[PDB]
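Here is the structure we will look at, set down as structure tokens.
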Ligand SMILES: Cc1c(C)n(Cc2ccc(Cl)c(O[C@H](C)C(=O)O)c2)c2ccc(C(=O)N[C@H](C)c3ccc(C(C)(C)C)cc3)cc12
Ligand SMILES: Cc1c(C)n(Cc2ccc(Cl)c(O[C@H](C)C(=O)O)c2)c2ccc(C(=O)N[C@H](C)c3ccc(C(C)(C)C)cc3)cc12
């Protein structure tokens, strides 16, 4: 039980270090103060063109494309954040290297949607590391197939953010997603599930000591893993339609090499 | 706590009352126990066509097998419907909500209970008196050949938890009482009923499986594997309705597929 506190704090610390924009920092920005500087708001086409001028995005080499490709940049950015984090989970580095890769290959989408929930409200999502805020309505207004890209993630974020999880809770949750013993292609599932049994224990205790008035929060949190998986499925189906019916490229074939799987 | 033991006992009795073929019965048939009579195995044609003699058909071949397979499915929708009414609070909800909860829950319940009738080599049929092999089903002409295999793949993973009926009774309740279903008017009274069911399920597993860590959590993550075979199955329904348009889908099952 103290061992489990050690694990929960350890992961909280790794999560702080590995991820720039935490849920507290992001919640702050999304709702009035802490009133340092408001974010640039993109709400419509014209506010976008000024947003590229002002904020200055790292991914600028249409329009519904250019945003789609910002997500990809940021996703690939995030994957390295997630990989460094995975390496701090007790036992992860000592697993077979083939298993490590597999776990990350399948975990990362699910983890990206989880931490994206942290950056969203009902009305939009923080971009450029907190400097910006793109409206939900604007994203739903983009043409097919791009109008329906972001919406399944907002629908999710609304339900997930209602659980009112802290970063100390998310940190453990993230480690549980990564260590799923049912990913296709794993060679040695035993030690994976051992580690996950420990993370789940720690999550259940964390969840009790931190939210003792919210009954069965543990069970409700594990039920959202269903909703996570269904978003990765709805998203693979969309990448299908893009690679099928879009000149989603030109390209530097060296770019689409970077942004494949 | 005592009240959760009480809810658990109540739901177990409604399970036994509403389902003719329990897991425990299934398991006794599948092994070699003297409590139950060994099944007639069907592993190809002639075995099928000799199984016509030792019974039954339902009450071409891939058509005749899958038409009856749907008949047993309506019956199961009836058995599940009757079980659901026993769950404290369910019948007190909005009527619209009662149907929504069944519309999305039945498939998840059917495939959970179908696991009880299965091991890796095949599946119990005709109330336990036949057994049809996995390879035989897999040899059937496409698209029906690939119909049963996801079910087998889930079942083998799920039967690994070694749950028994007193555990399934509660779990099946939790499935039906999910507040995250499309088109529900008042989620909140549903979420409260589910909150009790999980509390009850938690205790039930800790008492009935004291040596197996995080079975509460391992079990709940299997709902992700169920949702997946439901979505895989409607994809396959679309294809069946176009290739073999000679085949009738029962209206109760018509209404359920619109999601
Ligand atoms: C991390 C992330 C964020 C912050 N957003 C919102 C968002 C919305 C719009 C823009 Cl222009 C954007 O980029 C800006 C410039 C930024 O954050 O700096 C970000 C996202 C929007 C969508 C996604 C997303 O769906 N990523 C999926 C999981 C994804 C897609 C494709 C890949 C591969 C590797 C296959 C290319 C991985 C992951 C991820 C994110
Ligand atoms: C409850 C159930 C059982 C016990 N099985 C195994 C099985 C396999 C084969 C037969 Cl012939 C069978 O029926 C016998 C006669 C019986 O009475 O038990 C049952 C099943 C196999 C499949 C399914 C299932 O997926 N049913 C869905 C609702 C379904 C949808 C659509 C169709 C068609 C092909 C008609 C479009 C069938 C079934 C359900 C079951």
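Chains as they are written, first to last, in PDB author numbering: chain B, 236 to 296, 304 to 503; chain A, 236 to 294, 304 to 503.
We put the beta carbon where it would ideally sit given N, CA and C, even for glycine.
ask   = Name the chain B residues that come within less than 7 Å of residue 187 (chain A), Cβ to Cβ?
value = Because chain A here runs from 236 to 503, residue 187 (chain A) falls outside it and cannot be looked at.
query = When you check each C-beta in the segment 449-465 of chain B against every C-beta of chain A, which residues fall closer than 7 Å?
reply = 457, 458, 461, 464 and 465
request  = Could you list which residues in chain B have their beta carbon closer than 7 Å to that of residue 442 (chain A), in chain order?
outcome  = Numbered from 1 along the second chain, position 198 holds the residue referred to as residue 442 (chain A). In chain order: 458 and 461.
message = Between which residues of its own chain and residue 294 (chain B) is the CB-CB distance below 7 Å, once the five residues before and five after are set aside?
response = As a first step, residue 294 (chain B) must be located in the first chain, where it is residue number 59. Counting only Cβ-Cβ distances below 7 Å, and skipping sequence neighbours, we find 311, 312 and 315.
task = From the DSSP output, in three-state form, read off residue 281 (chain B) for me.
result = Position 46 of the first chain, counting from 1, holds the residue named residue 281 (chain B). Of the three classes helix, strand and coil, the one that applies to residue 281 (chain B) here is helix, per DSSP.
key: Contact set between the segment 415-442 of chain A and chain B, restricted to residues whose Cβ is under 7 Å from the partner   = 424, 439 and 442
query = Would residue 377 (chain B) pass as a contact of residue 366 (chain B) if the rule is Cβ separation under 8 Å?
reply = Taking the first residue of the first chain as position 1, residue 377 (chain B) is located at position 135. Taking the first residue of the first chain as position 1, residue 366 (chain B) is located at position 124. Taking 8 Å as the Cβ cut-off, residue 377 (chain B) and residue 366 (chain B) qualify as a contacting pair.
key: Environment of residue 411 (chain B) [buried if 16+ CB atoms lie within 10 Å]   = As a first step, residue 411 (chain B) is located in the first chain; it is residue number 169 there, counting from the start. With 16 or more Cβ atoms within 10 Å of its Cβ, residue 411 (chain B) is classed as buried.
inquiry  = Can you tell me whether residue 292 (chain B) sits near ligand 1, meaning its C-beta is under 7 Å from at least one heavy atom of the ligand?
reply    = One-based indexing of the first chain puts residue 292 (chain B) at position 57. Answer for residue 292 (chain B): yes, Cβ within range of ligand 1.
key: Chain-ordered chain A contacts of residue 364 (chain B) [CB-CB under 9 Å]   = By 1-based counting over the first chain, the position of residue 364 (chain B) is 122. Within 9 Å Cβ-Cβ: nothing; residue 364 (chain B) doesn't reach chain A, min ~16 Å.
Expected contact under 8 Å - CB spacing of residue 458 (chain A) and residue 442 (chain B) to nearest Å = Indexing the second chain from 1 puts residue 458 (chain A) at position 214. Indexing the first chain from 1 puts residue 442 (chain B) at position 200. 5 Å between Cβ atoms; contact.
query = To the nearest angstrom, how far is it from the Cα of residue 494 (chain A) to the Cα of residue 319 (chain A)?
reply = Here residue 494 (chain A) is taken as the residue at index 250 of the second chain, counted from 1. Here residue 319 (chain A) is taken as the residue at index 75 of the second chain, counted from 1. Approximately 11 Å between the Cα atoms of the pair.
ask   = Interface residues of chain A around residue 347 (chain B) at Cβ under 7 Å?
value = Residue mapping note: residue 347 (chain B) aligns to position 105 of the first chain, counting from 1. Near residue 347 (chain B) there are no residues of chain A at all, since even the closest Cβ is about 17 Å away, more than 7 Å.
ask   = For the segment 382-389 of chain B against the segment 327-347 of chain B, are there 3 or more C-beta pairs whose distance is under 8 Å?
value = no
request  = State yes or no: is the beta carbon of residue 486 (chain B) nearer than 8 Å to at least one beta carbon in chain A?
outcome  = As a working mapping, residue 486 (chain B) is identified with position 244 in the first chain. Judged by the 8 Å Cβ criterion, residue 486 (chain B) is not in contact with chain A.
query = Would a C-beta distance cut-off of 8 Å place residue 420 (chain A) and residue 328 (chain A) closer than the cut-off?
reply = As a position in the second chain, residue 420 (chain A) is number 176, starting the count at 1. As a position in the second chain, residue 328 (chain A) is number 84, starting the count at 1. In contact: residue 420 (chain A) and residue 328 (chain A) (Cβ atoms closer than 8 Å).
query = What do you reckon, are the CB atoms on residue 460 (chain A) and residue 449 (chain A) nearer than 8 Å?
reply = Taking the first residue of the second chain as 1, we reach residue 460 (chain A) at position 216. Taking the first residue of the second chain as 1, we reach residue 449 (chain A) at position 205. In this structure, residue 449 (chain A) lies closer than 8 Å to residue 460 (chain A) by Cβ.
task = With 9 Å as the C-beta to C-beta threshold (strictly closer), list the residues of the segment 391-404 of chain B near chain A in chain order.
result = 401
message = Can you tell me whether residue 292 (chain A) is helix, strand or coil according to DSSP?
response = Translated into the one-based positions of the second chain, residue 292 (chain A) becomes position 57. Correct three-state label for residue 292 (chain A): coil.
key: Closest residue to residue 241 (chain B) among B:391, B:396, B:447 and B:479 (Cα-Cα distance)   = Stepping through the first chain from its first residue, residue 241 (chain B) is reached at position 6. Nearest of B:391, B:396, B:447 and B:479 to residue 241 (chain B), Cα basis: B:447.
key: Alpha carbon of residue 352 (chain A) to alpha carbon of residue 265 (chain B), nearest angstrom   = If you number the second chain from 1, residue 352 (chain A) lands on position 108. If you number the first chain from 1, residue 265 (chain B) lands on position 30. Using only the alpha carbons, I get a separation of about 38 Å.
query = Is residue 449 (chain B) near ligand 1, in the sense that its beta carbon is under 7 Å from a heavy atom of that ligand?
reply = Here the question's residue 449 (chain B) lines up with position 207 in the first chain. Incorrect: residue 449 (chain B) has no Cβ contact closer than 7 Å to ligand 1.
ask   = Opposite residue 367 (chain A) in the DSSP bridges: which residues?
value = Within the second chain, the letter at position 123 stands for residue 367 (chain A). Residue 367 (chain A) is bridged to A:362 and A:376.
ask   = Distance, Cα to Cα, residue 395 (chain B) vs residue 473 (chain B)?
value = Here residue 395 (chain B) is taken as the residue at index 153 of the first chain, counted from 1. Here residue 473 (chain B) is taken as the residue at index 231 of the first chain, counted from 1. Approximately 7 Å between the Cα atoms of the pair.
Exposed unless 16 or more other CB atoms sit within 10 angstroms - verdict on residue 273 (chain B) = Mapped onto the first chain, residue 273 (chain B) falls at position 38. Exposed, because fewer than 16 other Cβ atoms sit within 10 Å of the Cβ of residue 273 (chain B).
ask   = Sorry if obvious, but does the Cβ on residue 471 (chain A) come closer than 7 Å to a heavy atom of ligand 2?
value = Numbered from 1 along the second chain, position 227 holds the residue referred to as residue 471 (chain A). Not under cutoff, so the answer is no.
key: Beta-bridge partners of residue 275 (chain B), as assigned by DSSP   = Position 40 of the first chain holds residue 275 (chain B). Paired residues: B:374.
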